[PDB]
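Take a look at the structure below.
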Amino acid sequence: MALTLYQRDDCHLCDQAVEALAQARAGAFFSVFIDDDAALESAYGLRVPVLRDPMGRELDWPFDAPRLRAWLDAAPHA
Numbered sequence: 013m014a015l016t017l018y019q020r021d022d023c024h025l026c027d028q029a030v031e032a033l034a035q036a037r038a039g040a041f042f043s044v045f046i047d048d049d050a051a052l053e054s055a056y057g058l059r060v061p062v063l064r065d066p067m068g069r070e071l072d073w074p075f076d077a078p079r080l081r082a083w084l085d086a087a088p089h090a
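Next comes the structure, spelled out in structure tokens:
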């Protein structure tokens, strides 16, 4: 319903992502594990740390706090 930050086994790459999120003060969201759906793995795989919105957009893995927020503001929240 809200945001969607795909993650995979081990915490590190996605860890930094969550950091930017928290920093950006995104808020609450839903986590999805790609470690189970090859479809998602093939779709993302390396781009596991992909930020998706309910509007129908995504954000690059590599981002910042103000860059992630500014991207968030681009869309509504709930």
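All residue numbers for the sequence shown refer to this note's numbering, where the first residue is 13 and numbers rise by one. Beta carbons: idealized from backbone N, C-alpha and C, even for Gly.
Inset, instruction - Assign residue 146 to one of two classes, buried (16 or more other C-beta atoms within 10 Å of its C-beta) or exposed (fewer than that). - result: In the structure as shown, the chain begins at 13 and stops at 90. Residue 146 is therefore absent and cannot be evaluated.
Legend entry - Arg59 (DSSP reduced to helix, strand or coil): helix
Legend entry - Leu25, enclosing beta strand (DSSP E) - first and last residue: Taken as a continuous stretch (DSSP letters only), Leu25 belongs to no beta strand (DSSP E), being part of the alpha helix (DSSP H) at 25 to 36.
Legend entry - Chain-order list of residues whose beta-carbon lies under 8 Å from that of residue 2 (same chain, five-residue window excluded): Any answer about residue 2 is impossible in this case: the structure gives the chain only from 13 up to 90.
Inset, instruction - Would you kindly work out how many angstroms separate the C-alpha atoms of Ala40 and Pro74, rounded to a whole number? - result: 20 Å
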